[PDB]
>>> print(open('data-v3.txt').read())   # compact mmCIF, C-alpha atoms and all ligand atoms
# COMPACT_ATOMS: atom_id res chain seq x y z
CA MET A 1 48.90 6.36 12.40
CA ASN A 2 45.10 6.25 12.65
CA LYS A 3 43.05 3.80 10.65
CA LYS A 4 40.83 5.54 8.07
CA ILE A 5 37.10 4.84 7.83
CA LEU A 6 34.92 5.77 4.83
CA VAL A 7 31.37 6.45 6.08
CA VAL A 8 28.57 6.39 3.49
CA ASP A 9 24.94 7.28 4.13
CA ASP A 10 22.51 9.62 2.41
CA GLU A 11 21.15 10.87 5.78
CA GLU A 12 23.32 13.76 6.86
CA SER A 13 22.50 13.24 10.51
CA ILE A 14 23.83 9.62 10.34
CA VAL A 15 27.06 10.73 8.73
CA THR A 16 27.57 13.51 11.29
CA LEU A 17 26.96 11.03 14.15
CA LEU A 18 29.36 8.44 12.75
CA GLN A 19 32.07 10.96 12.00
CA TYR A 20 31.88 12.56 15.45
CA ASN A 21 32.03 9.28 17.34
CA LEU A 22 34.63 7.53 15.20
CA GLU A 23 36.94 10.55 15.24
CA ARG A 24 36.56 10.66 19.05
CA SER A 25 37.55 7.00 19.13
CA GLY A 26 40.72 7.80 17.26
CA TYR A 27 39.96 7.06 13.63
CA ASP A 28 40.39 9.32 10.62
CA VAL A 29 37.06 9.62 8.81
CA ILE A 30 36.12 10.48 5.26
CA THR A 31 32.52 10.58 4.05
CA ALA A 32 30.21 10.12 1.10
CA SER A 33 26.52 10.74 0.64
CA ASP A 34 25.84 8.61 -2.48
CA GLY A 35 27.27 5.50 -4.06
CA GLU A 36 29.09 7.17 -6.93
CA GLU A 37 31.07 9.31 -4.45
CA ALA A 38 31.58 6.27 -2.24
CA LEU A 39 33.02 4.14 -4.99
CA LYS A 40 35.36 6.89 -6.09
CA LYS A 41 36.61 7.53 -2.54
CA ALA A 42 37.13 3.78 -1.94
CA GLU A 43 39.10 3.38 -5.14
CA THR A 44 41.21 6.51 -4.47
CA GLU A 45 41.67 7.03 -0.70
CA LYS A 46 41.96 3.29 0.16
CA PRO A 47 40.20 3.36 3.50
CA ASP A 48 40.84 0.63 6.03
CA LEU A 49 37.09 0.00 6.48
CA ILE A 50 33.89 1.11 4.78
CA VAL A 51 30.61 1.68 6.67
CA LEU A 52 28.05 1.47 3.89
CA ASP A 53 24.28 2.15 3.85
CA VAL A 54 22.36 -0.48 1.86
CA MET A 55 19.75 2.03 0.47
CA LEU A 56 21.89 4.69 -1.20
CA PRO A 57 21.26 7.08 -4.18
CA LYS A 58 23.07 6.85 -7.56
CA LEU A 59 24.59 3.43 -6.80
CA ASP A 60 23.10 1.48 -3.92
CA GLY A 61 25.12 -0.43 -1.37
CA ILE A 62 24.81 -3.72 -3.33
CA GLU A 63 26.06 -2.00 -6.45
CA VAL A 64 29.00 -0.37 -4.69
CA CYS A 65 30.08 -3.75 -3.32
CA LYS A 66 29.55 -5.40 -6.67
CA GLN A 67 31.74 -2.89 -8.48
CA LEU A 68 34.48 -3.15 -5.88
CA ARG A 69 34.42 -6.94 -6.24
CA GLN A 70 34.58 -6.69 -10.03
CA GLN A 71 37.76 -4.56 -9.63
CA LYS A 72 39.19 -7.26 -7.33
CA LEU A 73 39.22 -4.77 -4.46
CA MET A 74 38.80 -6.15 -0.96
CA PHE A 75 37.71 -3.87 1.86
CA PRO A 76 36.34 -4.64 5.28
CA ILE A 77 32.71 -3.53 4.92
CA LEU A 78 30.12 -2.89 7.64
CA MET A 79 26.68 -2.70 5.97
CA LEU A 80 23.98 -0.48 7.56
CA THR A 81 20.35 -1.49 7.22
CA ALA A 82 17.16 0.37 8.06
CA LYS A 83 14.50 -0.73 10.51
CA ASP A 84 12.43 -3.56 9.04
CA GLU A 85 14.48 -3.76 5.82
CA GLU A 86 15.94 -7.22 6.21
CA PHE A 87 19.03 -7.94 4.13
CA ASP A 88 20.13 -11.23 2.66
CA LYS A 89 23.47 -11.99 4.37
CA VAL A 90 24.25 -14.84 2.02
CA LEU A 91 24.10 -12.24 -0.79
CA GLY A 92 26.15 -10.00 1.48
CA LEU A 93 28.92 -12.58 1.65
CA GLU A 94 28.94 -12.80 -2.17
CA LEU A 95 29.40 -9.03 -2.17
CA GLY A 96 32.23 -8.89 0.34
CA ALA A 97 30.29 -7.56 3.34
CA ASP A 98 31.93 -8.47 6.66
CA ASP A 99 29.31 -7.44 9.16
CA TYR A 100 25.90 -5.79 9.51
CA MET A 101 24.43 -3.12 11.76
CA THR A 102 20.85 -1.92 11.93
CA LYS A 103 19.65 1.64 12.36
CA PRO A 104 19.16 3.06 14.86
CA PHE A 105 22.39 2.19 16.61
CA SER A 106 24.27 3.54 19.57
CA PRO A 107 27.78 5.01 19.63
CA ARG A 108 29.09 2.06 21.57
CA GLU A 109 27.58 -0.44 19.15
CA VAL A 110 29.24 1.07 16.13
CA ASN A 111 32.55 1.49 17.95
CA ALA A 112 32.40 -2.18 18.93
CA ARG A 113 31.59 -3.42 15.49
CA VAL A 114 34.29 -1.38 13.78
CA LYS A 115 36.85 -2.50 16.38
CA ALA A 116 35.95 -6.17 15.91
CA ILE A 117 36.16 -5.97 12.13
CA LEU A 118 39.56 -4.14 12.28
CA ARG A 119 40.81 -6.87 14.65
CA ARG A 120 39.71 -9.68 12.32
CA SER A 121 42.42 -8.11 10.13
CA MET B 1 9.40 -27.32 38.04
CA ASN B 2 12.88 -26.87 36.54
CA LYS B 3 14.07 -23.53 35.25
CA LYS B 4 14.62 -23.55 31.47
CA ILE B 5 17.88 -22.36 29.92
CA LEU B 6 18.32 -21.49 26.22
CA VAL B 7 21.93 -22.23 25.22
CA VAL B 8 23.21 -20.61 22.01
CA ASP B 9 26.59 -21.24 20.40
CA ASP B 10 27.66 -22.17 16.89
CA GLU B 11 30.24 -24.68 18.21
CA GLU B 12 28.47 -27.99 18.65
CA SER B 13 30.93 -29.15 21.27
CA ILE B 14 30.13 -26.09 23.47
CA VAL B 15 26.41 -26.69 23.21
CA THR B 16 26.78 -30.39 24.05
CA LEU B 17 28.94 -29.50 27.09
CA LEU B 18 26.51 -26.88 28.37
CA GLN B 19 23.47 -29.06 27.85
CA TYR B 20 25.02 -32.06 29.60
CA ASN B 21 26.16 -30.12 32.65
CA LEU B 22 23.10 -27.90 33.06
CA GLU B 23 20.72 -30.83 32.72
CA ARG B 24 22.78 -32.69 35.35
CA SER B 25 22.41 -29.65 37.61
CA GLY B 26 18.66 -29.86 37.27
CA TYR B 27 17.75 -27.40 34.55
CA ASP B 28 15.72 -28.00 31.40
CA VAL B 29 17.79 -26.99 28.38
CA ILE B 30 16.87 -25.95 24.87
CA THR B 31 19.48 -25.01 22.25
CA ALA B 32 20.21 -22.93 19.19
CA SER B 33 23.18 -22.80 16.86
CA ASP B 34 22.61 -19.38 15.22
CA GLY B 35 21.01 -16.10 16.15
CA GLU B 36 17.88 -16.42 14.04
CA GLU B 37 17.02 -19.71 15.79
CA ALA B 38 17.96 -18.17 19.13
CA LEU B 39 15.69 -15.18 18.73
CA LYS B 40 12.79 -17.35 17.67
CA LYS B 41 13.23 -19.74 20.62
CA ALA B 42 13.52 -16.83 23.08
CA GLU B 43 10.37 -15.20 21.77
CA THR B 44 8.43 -18.51 21.75
CA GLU B 45 9.69 -20.80 24.56
CA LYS B 46 10.29 -17.99 27.10
CA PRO B 47 13.36 -19.41 28.78
CA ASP B 48 14.29 -18.31 32.26
CA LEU B 49 17.88 -17.51 31.18
CA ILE B 50 19.78 -17.27 27.91
CA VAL B 51 23.46 -18.26 27.57
CA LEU B 52 24.47 -16.45 24.40
CA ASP B 53 27.68 -16.56 22.32
CA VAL B 54 28.78 -13.08 21.19
CA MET B 55 30.13 -14.29 17.76
CA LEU B 56 27.16 -16.08 16.22
CA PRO B 57 26.06 -16.68 12.56
CA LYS B 58 22.94 -15.10 10.96
CA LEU B 59 22.38 -12.67 13.84
CA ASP B 60 25.25 -12.14 16.25
CA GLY B 61 24.88 -11.93 20.00
CA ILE B 62 24.66 -8.10 19.94
CA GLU B 63 21.91 -8.27 17.35
CA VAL B 64 19.92 -10.90 19.25
CA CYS B 65 20.02 -8.73 22.38
CA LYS B 66 19.16 -5.64 20.40
CA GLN B 67 16.09 -7.25 18.85
CA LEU B 68 14.90 -8.59 22.18
CA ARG B 69 15.26 -5.11 23.68
CA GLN B 70 13.35 -3.54 20.78
CA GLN B 71 10.47 -5.98 21.53
CA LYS B 72 10.60 -4.90 25.20
CA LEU B 73 11.58 -8.43 26.19
CA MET B 74 13.73 -8.83 29.28
CA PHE B 75 15.69 -12.02 29.83
CA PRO B 76 18.56 -12.80 32.13
CA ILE B 77 21.45 -13.14 29.68
CA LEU B 78 24.90 -14.67 30.23
CA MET B 79 27.14 -13.62 27.31
CA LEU B 80 29.97 -15.97 26.22
CA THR B 81 33.14 -14.48 24.78
CA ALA B 82 36.10 -16.11 23.07
CA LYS B 83 39.70 -15.98 24.21
CA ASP B 84 41.20 -12.56 23.50
CA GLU B 85 37.94 -11.12 22.11
CA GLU B 86 37.26 -8.47 24.71
CA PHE B 87 33.68 -7.24 24.91
CA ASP B 88 32.45 -3.80 25.86
CA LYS B 89 30.38 -4.37 29.03
CA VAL B 90 28.97 -0.87 28.97
CA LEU B 91 27.49 -1.78 25.56
CA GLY B 92 26.45 -5.06 27.15
CA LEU B 93 24.41 -3.24 29.76
CA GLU B 94 22.67 -1.24 27.00
CA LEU B 95 21.80 -4.58 25.43
CA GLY B 96 20.45 -6.24 28.55
CA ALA B 97 23.36 -8.58 29.29
CA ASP B 98 23.55 -9.57 32.97
CA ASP B 99 26.88 -11.33 33.16
CA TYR B 100 29.84 -12.51 31.08
CA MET B 101 31.82 -15.72 30.84
CA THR B 102 34.91 -16.40 28.76
CA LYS B 103 35.72 -19.56 26.85
CA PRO B 104 37.12 -21.92 27.83
CA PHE B 105 35.18 -22.39 31.04
CA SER B 106 34.72 -25.20 33.49
CA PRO B 107 31.47 -26.94 34.44
CA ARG B 108 31.58 -25.45 37.90
CA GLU B 109 32.11 -21.94 36.57
CA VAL B 110 29.08 -22.03 34.34
CA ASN B 111 26.94 -23.67 37.03
CA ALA B 112 27.98 -20.92 39.44
CA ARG B 113 27.27 -18.11 37.07
CA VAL B 114 23.86 -19.41 36.06
CA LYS B 115 22.93 -19.98 39.71
CA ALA B 116 23.96 -16.45 40.68
CA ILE B 117 22.03 -14.86 37.84
CA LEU B 118 18.88 -16.95 38.64
CA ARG B 119 19.20 -15.85 42.29
CA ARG B 120 19.45 -12.15 41.36
CA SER B 121 15.86 -12.82 40.21
MN MN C 1 20.00 5.39 3.04
MN MN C 2 30.67 -18.47 18.22
NA NA C 3 31.00 14.89 -0.21
NA NA C 4 34.97 -7.26 2.65
NA NA C 5 18.33 -26.57 16.32
NA NA C 6 18.89 -9.10 30.77
>>> encode(input="data-v3.txt", output="structure tokens")
Amino acid sequence: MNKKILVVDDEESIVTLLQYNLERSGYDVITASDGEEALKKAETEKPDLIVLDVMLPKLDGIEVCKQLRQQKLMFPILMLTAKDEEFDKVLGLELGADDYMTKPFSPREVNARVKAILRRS
Amino acid sequence: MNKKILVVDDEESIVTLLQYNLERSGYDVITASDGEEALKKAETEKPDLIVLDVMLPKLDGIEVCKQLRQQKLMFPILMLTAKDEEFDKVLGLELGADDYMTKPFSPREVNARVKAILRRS
């Protein structure tokens, strides 16, 4: 069976892009548009990987990771950052992030990053 | 004057190997051990060719290429990949990579690849 990816971004266009391309690549995809929804879906649907926007409404990406860590939950996490919004990757490691991708990104870039992370496990 | 090669790998032994052999072959060599250092050296020292490890700390090889491309910078780039970590060369072309070499590699292989790339320019 297909691996399941939870895609989380508040920009609808980014979610649509990610879902289309990852489904084409043979993954099952579920989505969230805010951090509260994301945390609930992670806890319940147990995705194999989470693609998570850093700047998110309700609970931001840092907070989502922090709450997962507090629950002792470990997910492969690809963090998405905006142009010229540098992220502290040492903090990211504290939070359980596994990799980072900046926006904009191409279909092949995201496919490559997700594949590499899924292989590392 | 000698052509200048920027060699970037987080394994010290690989950097030492590359520097020794390329200097012997008549190149000037500068080095970096993470992607942040690599990007800074590329932007500042303007090497004639970059030998770049795909799996790099701070900024990985994809990210280094992506940032160079965003700055409109064009460098001849030889990407280094690990054993059984296949890389998407169509993505590589998007990123400006010119050639690929797997690890482990011999002194003559790297000398040949660098020579061919420098000739293509
Ligand atoms: Mn956002
Ligand atoms: Mn490496
Ligand atoms: Na929803
Ligand atoms: Na993780
Ligand atoms: Na250094
Ligand atoms: Na290039």
>>> atom_distance(input="data-v3.txt", atom1="CA of residue 66 in chain B", atom2="CA of residue 24 in chain A")
23.9 Å
>>> closest_residue(input="data-v3.txt", among="A:116, A:55, A:50, A:95", to="residue 72 in chain A", atoms="all atoms listed in the file")
A:95
>>> closest_atom_pairs(input="data-v3.txt", of="chain B", to="ligand NA 5 (chain C)", cutoff="10 Å", atoms="only C-alpha atoms and all ligand atoms", output="CSV")
residue,atom,partner,partner_atom,distance
B:8,CA,C:NA5,NA,9.6
B:30,CA,C:NA5,NA,8.7
B:31,CA,C:NA5,NA,6.2
B:32,CA,C:NA5,NA,5.0
B:33,CA,C:NA5,NA,6.2
B:34,CA,C:NA5,NA,8.4
B:37,CA,C:NA5,NA,7.0
B:38,CA,C:NA5,NA,8.9
B:41,CA,C:NA5,NA,9.5
>>> closest_residue(input="data-v3.txt", among="A:36, A:53, A:43, A:48", to="residue 9 in chain A", atoms="all atoms listed in the file")
A:53
>>> residues_around(input="data-v3.txt", residues="range 12-22 of chain A", least_positions_apart="6", cutoff="7 Å", atoms="only C-alpha atoms", output="short mmCIF file (atom, residue, chain, number, x, y, z; two decimals) with C-alpha atoms, keeping the file's coordinate frame")
data_model
loop_
_atom_site.label_atom_id
_atom_site.label_comp_id
_atom_site.auth_asym_id
_atom_site.auth_seq_id
_atom_site.Cartn_x
_atom_site.Cartn_y
_atom_site.Cartn_z
CA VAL A 29 37.06 9.62 8.81
CA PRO A 107 27.78 5.01 19.63
CA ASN A 111 32.55 1.49 17.95
#
>>> residues_near_ligand(input="data-v3.txt", ligand="ligand NA 4 (chain C)", cutoff="6 Å", atoms="all atoms listed in the file", output="PyMOL selection string")
chain A and resi 74-77+96-98
>>> write_last_selection(input="data-v3.txt", atoms="C-alpha atoms", output="short mmCIF file (atom, residue, chain, number, x, y, z; two decimals), in the coordinates of the input")
data_model
loop_
_atom_site.label_atom_id
_atom_site.label_comp_id
_atom_site.auth_asym_id
_atom_site.auth_seq_id
_atom_site.Cartn_x
_atom_site.Cartn_y
_atom_site.Cartn_z
CA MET A 74 38.80 -6.15 -0.96
CA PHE A 75 37.71 -3.87 1.86
CA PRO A 76 36.34 -4.64 5.28
CA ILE A 77 32.71 -3.53 4.92
CA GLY A 96 32.23 -8.89 0.34
CA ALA A 97 30.29 -7.56 3.34
CA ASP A 98 31.93 -8.47 6.66
#
>>> residues_around(input="data-v3.txt", residues="residue 86 in chain B", least_positions_apart="4", cutoff="10 Å", atoms="all atoms listed in the file", output="number ranges by chain")
A: 112, 116; B: 81-82, 102
>>> atom_distance(input="data-v3.txt", atom1="CA of residue 92 in chain B", atom2="CA of residue 65 in chain B")
8.8 Å
>>> interface_residues(input="data-v3.txt", of="chain B", to="chain A", cutoff="9 Å", atoms="all atoms listed in the file", output="VMD selection string")
chain B and resid 58 to 59 62 to 63 85 87 to 88 90 to 91 94
>>> write_last_selection(input="data-v3.txt", atoms="C-alpha atoms", output="tab-separated table (two decimals), keeping the file's coordinate frame")
chain	number	residue	atom	x	y	z
B	58	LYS	CA	22.94	-15.10	10.96
B	59	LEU	CA	22.38	-12.67	13.84
B	62	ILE	CA	24.66	-8.10	19.94
B	63	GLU	CA	21.91	-8.27	17.35
B	85	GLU	CA	37.94	-11.12	22.11
B	87	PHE	CA	33.68	-7.24	24.91
B	88	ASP	CA	32.45	-3.80	25.86
B	90	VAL	CA	28.97	-0.87	28.97
B	91	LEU	CA	27.49	-1.78	25.56
B	94	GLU	CA	22.67	-1.24	27.00
>>> build_atoms(input="data-v3.txt", residues="range 53-70 of chain A", atoms="N, CA and C atoms", output="PDB file, in the coordinates of the input")
ATOM      1  N   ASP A  53      25.748   2.252   3.848  1.00  0.00           N
ATOM      2  CA  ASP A  53      24.280   2.150   3.850  1.00  0.00           C
ATOM      3  C   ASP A  53      23.827   1.305   2.650  1.00  0.00           C
ATOM      4  N   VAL A  54      22.891   0.393   2.892  1.00  0.00           N
ATOM      5  CA  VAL A  54      22.360  -0.480   1.860  1.00  0.00           C
ATOM      6  C   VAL A  54      21.553   0.348   0.843  1.00  0.00           C
ATOM      7  N   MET A  55      20.591   1.161   1.309  1.00  0.00           N
ATOM      8  CA  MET A  55      19.750   2.030   0.470  1.00  0.00           C
ATOM      9  C   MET A  55      20.448   3.391   0.346  1.00  0.00           C
ATOM     10  N   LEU A  56      21.071   3.527  -0.814  1.00  0.00           N
ATOM     11  CA  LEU A  56      21.890   4.690  -1.200  1.00  0.00           C
ATOM     12  C   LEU A  56      21.457   5.252  -2.612  1.00  0.00           C
ATOM     13  N   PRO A  57      21.446   6.548  -2.826  1.00  0.00           N
ATOM     14  CA  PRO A  57      21.260   7.080  -4.180  1.00  0.00           C
ATOM     15  C   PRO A  57      22.449   6.894  -5.115  1.00  0.00           C
ATOM     16  N   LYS A  58      22.149   6.930  -6.418  1.00  0.00           N
ATOM     17  CA  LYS A  58      23.070   6.850  -7.560  1.00  0.00           C
ATOM     18  C   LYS A  58      23.547   5.420  -7.800  1.00  0.00           C
ATOM     19  N   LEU A  59      24.188   4.836  -6.793  1.00  0.00           N
ATOM     20  CA  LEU A  59      24.590   3.430  -6.800  1.00  0.00           C
ATOM     21  C   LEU A  59      24.226   2.982  -5.406  1.00  0.00           C
ATOM     22  N   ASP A  60      23.439   1.916  -5.270  1.00  0.00           N
ATOM     23  CA  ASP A  60      23.100   1.480  -3.920  1.00  0.00           C
ATOM     24  C   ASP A  60      24.237   0.665  -3.317  1.00  0.00           C
ATOM     25  N   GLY A  61      24.058   0.259  -2.078  1.00  0.00           N
ATOM     26  CA  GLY A  61      25.120  -0.430  -1.370  1.00  0.00           C
ATOM     27  C   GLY A  61      25.510  -1.733  -2.103  1.00  0.00           C
ATOM     28  N   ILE A  62      24.530  -2.466  -2.607  1.00  0.00           N
ATOM     29  CA  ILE A  62      24.810  -3.720  -3.330  1.00  0.00           C
ATOM     30  C   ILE A  62      25.684  -3.401  -4.526  1.00  0.00           C
ATOM     31  N   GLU A  63      25.351  -2.331  -5.222  1.00  0.00           N
ATOM     32  CA  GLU A  63      26.060  -2.000  -6.450  1.00  0.00           C
ATOM     33  C   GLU A  63      27.487  -1.555  -6.162  1.00  0.00           C
ATOM     34  N   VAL A  64      27.668  -0.753  -5.125  1.00  0.00           N
ATOM     35  CA  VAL A  64      29.000  -0.370  -4.690  1.00  0.00           C
ATOM     36  C   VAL A  64      29.846  -1.604  -4.405  1.00  0.00           C
ATOM     37  N   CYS A  65      29.337  -2.541  -3.614  1.00  0.00           N
ATOM     38  CA  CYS A  65      30.080  -3.750  -3.320  1.00  0.00           C
ATOM     39  C   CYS A  65      30.376  -4.533  -4.582  1.00  0.00           C
ATOM     40  N   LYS A  66      29.383  -4.637  -5.456  1.00  0.00           N
ATOM     41  CA  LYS A  66      29.550  -5.400  -6.670  1.00  0.00           C
ATOM     42  C   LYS A  66      30.663  -4.831  -7.512  1.00  0.00           C
ATOM     43  N   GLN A  67      30.721  -3.503  -7.655  1.00  0.00           N
ATOM     44  CA  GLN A  67      31.740  -2.890  -8.480  1.00  0.00           C
ATOM     45  C   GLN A  67      33.111  -3.038  -7.848  1.00  0.00           C
ATOM     46  N   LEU A  68      33.186  -2.936  -6.530  1.00  0.00           N
ATOM     47  CA  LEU A  68      34.480  -3.150  -5.880  1.00  0.00           C
ATOM     48  C   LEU A  68      34.967  -4.565  -6.139  1.00  0.00           C
ATOM     49  N   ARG A  69      34.067  -5.538  -6.011  1.00  0.00           N
ATOM     50  CA  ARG A  69      34.420  -6.940  -6.240  1.00  0.00           C
ATOM     51  C   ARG A  69      34.894  -7.189  -7.680  1.00  0.00           C
ATOM     52  N   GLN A  70      34.213  -6.560  -8.634  1.00  0.00           N
ATOM     53  CA  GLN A  70      34.580  -6.690 -10.030  1.00  0.00           C
ATOM     54  C   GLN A  70      36.007  -6.178 -10.291  1.00  0.00           C
TER      55      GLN A  70
END
